[PDB]
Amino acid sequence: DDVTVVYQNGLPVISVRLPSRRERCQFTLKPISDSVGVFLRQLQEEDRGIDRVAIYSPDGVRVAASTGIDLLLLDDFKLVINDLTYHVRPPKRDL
């Protein structure tokens, strides 16, 4: 339960723990414009020691980058930071 998904002002907020400092860093994104590559590119740009960054679907399949993040916020998934295979369940939305 080390990574959150809690909405504020109609948009997702993803507070995750970084590898360098343990202070939780939240990530505000847009379901419309922001994509998975904006999120992971961001994450790489808040820790210089993040080596391989990934996101997988429940069935292990790597989710693409140009996929909209609104489409990622329909089901649960896995955010992978280094050896950390993270599991995330996002609250219910419509679209």
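When you see a residue number, it is the position in the sequence shown, counting from 1.
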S57, C-alpha B-factor rank within chain (lowest, middle or highest third): middle
For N82, the third of its chain into which the C-alpha B factor falls: lowest
Chain third (lowest, middle, highest) by recorded CA B-factor, residue given as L71: lowest
Among modelled residues of the same chain, the CA temperature factor third for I50: highest
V13, C-alpha B-factor rank within chain (lowest, middle or highest third): highest
